[PDB]
>>> print(open('upload37.pdb').read())   # PDB, C-alpha atoms
ATOM      1  CA  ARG V   1     135.449  87.690  58.851  1.00  0.00           C
ATOM      2  CA  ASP V   2     136.614  90.575  56.666  1.00  0.00           C
ATOM      3  CA  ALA V   3     140.003  88.991  55.976  1.00  0.00           C
ATOM      4  CA  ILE V   4     138.233  85.803  54.905  1.00  0.00           C
ATOM      5  CA  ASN V   5     135.527  87.372  52.754  1.00  0.00           C
ATOM      6  CA  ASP V   6     137.845  89.798  50.951  1.00  0.00           C
ATOM      7  CA  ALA V   7     139.670  86.901  49.292  1.00  0.00           C
ATOM      8  CA  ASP V   8     136.420  86.078  47.465  1.00  0.00           C
ATOM      9  CA  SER V   9     137.796  82.583  46.858  1.00  0.00           C
ATOM     10  CA  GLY V  10     134.545  80.696  47.565  1.00  0.00           C
ATOM     11  CA  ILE V  11     134.811  80.363  51.355  1.00  0.00           C
ATOM     12  CA  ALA V  12     132.851  82.999  53.264  1.00  0.00           C
ATOM     13  CA  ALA V  13     132.421  83.986  56.902  1.00  0.00           C
ATOM     14  CA  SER V  14     129.286  85.307  58.602  1.00  0.00           C
ATOM     15  CA  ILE V  15     128.778  86.226  62.254  1.00  0.00           C
ATOM     16  CA  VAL V  16     125.656  84.899  63.985  1.00  0.00           C
ATOM     17  CA  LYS V  17     124.377  86.642  67.116  1.00  0.00           C
ATOM     18  CA  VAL V  18     123.830  83.863  69.648  1.00  0.00           C
ATOM     19  CA  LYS V  19     121.043  84.875  72.019  1.00  0.00           C
ATOM     20  CA  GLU V  20     122.417  88.209  73.249  1.00  0.00           C
ATOM     21  CA  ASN V  21     125.881  89.401  74.278  1.00  0.00           C
ATOM     22  CA  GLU V  22     127.340  86.439  72.378  1.00  0.00           C
ATOM     23  CA  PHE V  23     128.404  85.683  68.827  1.00  0.00           C
ATOM     24  CA  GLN V  24     129.656  82.768  66.771  1.00  0.00           C
ATOM     25  CA  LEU V  25     131.779  82.669  63.651  1.00  0.00           C
ATOM     26  CA  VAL V  26     130.182  80.703  60.824  1.00  0.00           C
ATOM     27  CA  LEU V  27     132.152  79.573  57.782  1.00  0.00           C
ATOM     28  CA  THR V  28     130.867  77.959  54.621  1.00  0.00           C
ATOM     29  CA  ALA V  29     132.231  76.950  51.246  1.00  0.00           C
ATOM     30  CA  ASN V  30     130.362  76.193  48.042  1.00  0.00           C
ATOM     31  CA  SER V  31     128.431  72.949  47.756  1.00  0.00           C
ATOM     32  CA  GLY V  32     130.014  69.617  46.900  1.00  0.00           C
ATOM     33  CA  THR V  33     131.918  66.943  48.801  1.00  0.00           C
ATOM     34  CA  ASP V  34     134.961  68.101  46.842  1.00  0.00           C
ATOM     35  CA  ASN V  35     134.518  71.409  48.701  1.00  0.00           C
ATOM     36  CA  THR V  36     134.999  69.798  52.118  1.00  0.00           C
ATOM     37  CA  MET V  37     137.692  71.638  54.041  1.00  0.00           C
ATOM     38  CA  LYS V  38     140.733  70.948  56.176  1.00  0.00           C
ATOM     39  CA  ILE V  39     142.011  73.908  58.180  1.00  0.00           C
ATOM     40  CA  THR V  40     144.874  74.843  60.500  1.00  0.00           C
ATOM     41  CA  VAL V  41     146.763  77.874  61.803  1.00  0.00           C
ATOM     42  CA  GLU V  42     150.395  79.002  61.707  1.00  0.00           C
ATOM     43  CA  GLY V  43     152.094  81.038  64.414  1.00  0.00           C
ATOM     44  CA  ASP V  44     149.317  81.013  67.022  1.00  0.00           C
ATOM     45  CA  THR V  45     148.783  77.716  68.832  1.00  0.00           C
ATOM     46  CA  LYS V  46     146.210  79.349  71.122  1.00  0.00           C
ATOM     47  CA  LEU V  47     144.024  80.044  68.090  1.00  0.00           C
ATOM     48  CA  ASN V  48     144.920  76.802  66.311  1.00  0.00           C
ATOM     49  CA  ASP V  49     143.756  74.730  69.286  1.00  0.00           C
ATOM     50  CA  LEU V  50     140.454  76.609  68.966  1.00  0.00           C
ATOM     51  CA  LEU V  51     139.822  76.686  65.214  1.00  0.00           C
ATOM     52  CA  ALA V  52     141.755  73.825  63.590  1.00  0.00           C
TER      53      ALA V  52
ATOM     54  CA  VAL S   1     135.090  89.243  37.668  1.00  0.00           C
ATOM     55  CA  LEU S   2     131.991  90.581  39.401  1.00  0.00           C
ATOM     56  CA  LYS S   3     130.743  87.023  39.865  1.00  0.00           C
ATOM     57  CA  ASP S   4     134.089  85.704  41.137  1.00  0.00           C
ATOM     58  CA  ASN S   5     136.343  88.277  42.849  1.00  0.00           C
ATOM     59  CA  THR S   6     133.983  91.147  43.668  1.00  0.00           C
ATOM     60  CA  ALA S   7     135.767  92.264  46.836  1.00  0.00           C
ATOM     61  CA  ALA S   8     139.011  92.844  44.941  1.00  0.00           C
ATOM     62  CA  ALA S   9     137.238  95.169  42.515  1.00  0.00           C
ATOM     63  CA  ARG S  10     135.629  96.995  45.435  1.00  0.00           C
ATOM     64  CA  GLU S  11     138.989  97.530  47.114  1.00  0.00           C
ATOM     65  CA  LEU S  12     140.660  98.717  43.913  1.00  0.00           C
ATOM     66  CA  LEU S  13     137.910 101.083  42.773  1.00  0.00           C
ATOM     67  CA  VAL S  14     137.007 102.687  46.111  1.00  0.00           C
ATOM     68  CA  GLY S  15     138.946 100.967  48.901  1.00  0.00           C
ATOM     69  CA  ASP S  16     138.086 102.643  52.177  1.00  0.00           C
ATOM     70  CA  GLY S  17     136.400 105.436  50.226  1.00  0.00           C
ATOM     71  CA  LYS S  18     138.312 108.225  51.983  1.00  0.00           C
ATOM     72  CA  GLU S  19     141.767 108.296  50.359  1.00  0.00           C
ATOM     73  CA  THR S  20     142.272 104.857  48.781  1.00  0.00           C
ATOM     74  CA  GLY S  21     140.465 103.874  45.602  1.00  0.00           C
ATOM     75  CA  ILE S  22     140.637 105.178  42.049  1.00  0.00           C
ATOM     76  CA  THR S  23     137.260 106.895  42.313  1.00  0.00           C
ATOM     77  CA  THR S  24     138.180 108.355  45.694  1.00  0.00           C
ATOM     78  CA  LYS S  25     141.328 109.850  44.175  1.00  0.00           C
ATOM     79  CA  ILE S  26     139.281 111.193  41.270  1.00  0.00           C
ATOM     80  CA  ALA S  27     137.000 112.913  43.768  1.00  0.00           C
ATOM     81  CA  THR S  28     139.758 115.142  45.120  1.00  0.00           C
ATOM     82  CA  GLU S  29     141.451 115.458  41.728  1.00  0.00           C
ATOM     83  CA  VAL S  30     138.379 116.831  39.951  1.00  0.00           C
ATOM     84  CA  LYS S  31     137.310 118.885  42.964  1.00  0.00           C
ATOM     85  CA  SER S  32     140.702 120.585  42.746  1.00  0.00           C
ATOM     86  CA  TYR S  33     139.948 121.838  39.247  1.00  0.00           C
ATOM     87  CA  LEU S  34     136.345 122.678  40.140  1.00  0.00           C
ATOM     88  CA  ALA S  35     137.164 124.604  43.320  1.00  0.00           C
ATOM     89  CA  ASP S  36     136.692 128.357  43.455  1.00  0.00           C
ATOM     90  CA  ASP S  37     139.729 130.290  42.183  1.00  0.00           C
ATOM     91  CA  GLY S  38     140.747 127.002  40.581  1.00  0.00           C
ATOM     92  CA  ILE S  39     142.473 126.617  37.241  1.00  0.00           C
ATOM     93  CA  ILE S  40     139.257 127.148  35.272  1.00  0.00           C
ATOM     94  CA  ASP S  41     138.306 130.005  37.578  1.00  0.00           C
ATOM     95  CA  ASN S  42     141.624 131.737  36.912  1.00  0.00           C
ATOM     96  CA  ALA S  43     141.337 131.283  33.154  1.00  0.00           C
ATOM     97  CA  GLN S  44     137.806 132.677  33.048  1.00  0.00           C
ATOM     98  CA  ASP S  45     138.677 135.606  35.308  1.00  0.00           C
ATOM     99  CA  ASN S  46     141.663 136.452  33.127  1.00  0.00           C
ATOM    100  CA  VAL S  47     139.561 136.438  29.970  1.00  0.00           C
ATOM    101  CA  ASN S  48     137.016 138.675  31.693  1.00  0.00           C
ATOM    102  CA  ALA S  49     139.687 141.111  32.851  1.00  0.00           C
ATOM    103  CA  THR S  50     141.315 141.202  29.421  1.00  0.00           C
ATOM    104  CA  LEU S  51     138.031 142.100  27.737  1.00  0.00           C
ATOM    105  CA  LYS S  52     138.018 145.353  29.739  1.00  0.00           C
TER     106      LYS S  52
END
>>> encode(input="upload37.pdb", output="structure tokens")
Amino acid sequence: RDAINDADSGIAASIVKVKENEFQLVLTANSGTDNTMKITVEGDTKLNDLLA
Amino acid sequence: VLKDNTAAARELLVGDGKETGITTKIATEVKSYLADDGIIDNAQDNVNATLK
């Protein structure tokens, strides 16, 4: 979340506390269909298969 | 800049706020001069002693 927010590029990450003892990453860009995102990872297939 | 890339300004000005950051450096730098038996302290003591 920190490494996303620091960039201050328009995409931001916030952590939501699901019930208790659980959390979920939440990402959002600015409004607009032109702001729709495509995302992937490099190096870590374990994480790519989770977040791509 | 404040509207767009705030986090970058935060990191540059204060960083972690312990040793990184311009203001953090200034803290120690000015405290060095202000410390007891500092540069100003020595100058004032020397003037006082001379007056004797």
>>> closest_atom_pairs(input="upload37.pdb", of="chain S", to="chain V", cutoff="12 Å", atoms="only C-alpha atoms", output="Markdown table")
| residue | atom | partner | partner_atom | distance |
| --- | --- | --- | --- | --- |
| S:1 | CA | V:8 | CA | 10.4 |
| S:2 | CA | V:8 | CA | 10.2 |
| S:3 | CA | V:8 | CA | 9.5 |
| S:4 | CA | V:8 | CA | 6.8 |
| S:5 | CA | V:8 | CA | 5.1 |
| S:6 | CA | V:8 | CA | 6.8 |
| S:7 | CA | V:6 | CA | 5.2 |
| S:8 | CA | V:6 | CA | 6.8 |
| S:9 | CA | V:6 | CA | 10.0 |
| S:10 | CA | V:6 | CA | 9.3 |
| S:11 | CA | V:6 | CA | 8.7 |
| S:12 | CA | V:6 | CA | 11.7 |
| S:15 | CA | V:6 | CA | 11.4 |
>>> write_last_selection(input="upload37.pdb", atoms="C-alpha atoms", output="mmCIF file, in the coordinates of the input")
data_model
loop_
_atom_site.group_PDB
_atom_site.id
_atom_site.type_symbol
_atom_site.label_atom_id
_atom_site.label_comp_id
_atom_site.auth_asym_id
_atom_site.auth_seq_id
_atom_site.Cartn_x
_atom_site.Cartn_y
_atom_site.Cartn_z
ATOM 1 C CA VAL S 1 135.090 89.243 37.668
ATOM 2 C CA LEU S 2 131.991 90.581 39.401
ATOM 3 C CA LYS S 3 130.743 87.023 39.865
ATOM 4 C CA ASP S 4 134.089 85.704 41.137
ATOM 5 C CA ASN S 5 136.343 88.277 42.849
ATOM 6 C CA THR S 6 133.983 91.147 43.668
ATOM 7 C CA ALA S 7 135.767 92.264 46.836
ATOM 8 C CA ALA S 8 139.011 92.844 44.941
ATOM 9 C CA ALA S 9 137.238 95.169 42.515
ATOM 10 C CA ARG S 10 135.629 96.995 45.435
ATOM 11 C CA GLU S 11 138.989 97.530 47.114
ATOM 12 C CA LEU S 12 140.660 98.717 43.913
ATOM 13 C CA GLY S 15 138.946 100.967 48.901
#
>>> atom_distance(input="upload37.pdb", atom1="CA of residue 34 (chain S)", atom2="CA of residue 14 (chain S)")
20.9 Å
>>> residues_around(input="upload37.pdb", residues="residue 13 (chain S)", least_positions_apart="6", cutoff="8 Å", atoms="only C-alpha atoms", output="JSON, numbers by chain")
{"S": [21, 22, 23, 24]}
>>> atom_distance(input="upload37.pdb", atom1="CA of residue 26 (chain V)", atom2="CA of residue 12 (chain V)")
8.3 Å
>>> atom_distance(input="upload37.pdb", atom1="CA of residue 25 (chain S)", atom2="CA of residue 4 (chain V)")
26.5 Å
>>> residues_around(input="upload37.pdb", residues="residue 16 (chain V)", least_positions_apart="2", cutoff="7 Å", atoms="all atoms listed in the file", output="VMD selection string")
chain V and resid 14 18 23 to 26
>>> axis_aligned_box(input="upload37.pdb", around="region 8-12 of chain V", padding_each_side="4 Å", output="lines of an AutoDock Vina configuration file")
center_x = 135.3
center_y = 83.2
center_z = 50.1
size_x = 12.9
size_y = 13.7
size_z = 14.4
>>> residues_around(input="upload37.pdb", residues="residue 41 (chain V)", least_positions_apart="5", cutoff="10 Å", atoms="all atoms listed in the file", output="ChimeraX atom specification")
/V:46-52
>>> resolve_selection(input="upload37.pdb", expression="the PyMOL selection byres ((chain V and resi 30) around 10)", output="ChimeraX atom specification")
/V:9-12,28-29,31-36
